[PDB]
């Protein structure tokens, strides 16, 4: 029998650790899920279904059910694109677009760009973990409460909008080097902002956020450590590459992206590799000494990419190379992408040039829009 999974989402407030993911992986590998005699007694299996994007669960004494039958492939978007509220727009106005580029790459590697600025609050991929993280709070943390985090810019913006839509107040901490939209937009949205001109990185801010947390008693939602970040990208970003690849007819051989928290690329790699372990994941390593906004080298400490059973290959990319790909995408497709999206395109071009990638379709996740990075654009032009 099928039941609406939304009735069972208290397991999100109670399952802990990664062991449920082993269910997630098996259901995706098999394309089906077994009936649950008593669903409430399998909290780990229920969370596994949620995280892969099921809207219905198979319940009682019955037969197995396919991904399709569980709602993994259901269309959520109203065709006419009319939405009764901003959060409903964020939730049903999905997938974000996936568009074939005209940019030519070596060795039969065909590029598709997944455009994450098509998210309504931050114009970035950060809307998704922010919505997921706030909605989990919303049943344990009293309204009017302050929530806070460290950010490079995007998450701070997404968190201020979302916090306010749910009745919370927000505070964001940013390092001196963050973009102006990051310092300014959260104030427009009603948040407090704290800029530390000392902090040479976002993660360098974290000990101060934690200390202020103990002193002032605000909720530190910690995007670097909060599992709802990874889960957001599982049922959203990663699921959508899967669905879009299968319904669009792509011969999907890999995805390429960048790493901040590692939330979205770990989800993408983990989900897609559950379905077909040979799908590659090509990830940006910003070259030593270069700053590509929003992103970091692997070895500076990242939760999901390290702890989860994920294959990937790294490619070195300088800020100059990232911006040169911004320029070439612009001239080739008329699409203006952010430096981190340029970096990913480039990392994929490099792996394509070395001959380690099968010919096929590859999805590059473009975290945000290049409109936000004018002085980087000015410099790339010279």
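Numbering follows the first chain given and starts at 1.
For this session: Output the stretch having the higher mean C-alpha B factor in the entry; the candidates are 154-162 and 171-179.
Result: According to the PDB entry, the answer is 171-179.
Exercise. Of 354-362 and 367-375, which one has the bigger average CA B-factor?
Worked result: The entry gives the higher C-alpha B-factor average to 354-362.
Exercise. Which has the highest CA B-factor per the PDB entry: 195, 98, 146, 123?
Worked result: Out of 195, 98, 146, 123, the record gives the largest C-alpha B-factor to 195.
Problem set entry | Per the PDB entry, maximal CA B factor within 186, 263, 84, 249 | If I rank 186, 263, 84, 249 by C-alpha B-factor, first place goes to 249.
Problem set entry | For residue 63, the third of its chain into which the C-alpha B factor falls | It belongs to the highest third of the chain when residues are ordered by C-alpha B-factor.
Exercise. When the modelled residues of the chain are sorted by Cα temperature factor, does residue 342 land in the lowest, middle or highest third?
Worked result: Lowest third - that is where residue 342 ends up once the chain's C-alpha B-factors are sorted.
Exercise. In terms of the chain's CA B-factor thirds, is residue 114 lowest, middle or highest?
Worked result: According to the entry, residue 114 has a C-alpha B-factor in the chain's lowest third.
Problem set entry | Ranked against its chain, the third holding the CA B-factor of residue 279 | Middle third of the chain for residue 279's C-alpha B-factor.
Problem set entry | Within-chain third of residue 323 by Cα B-factor, per the entry | Residue 323: CA B-factor falls in the middle third of its chain.
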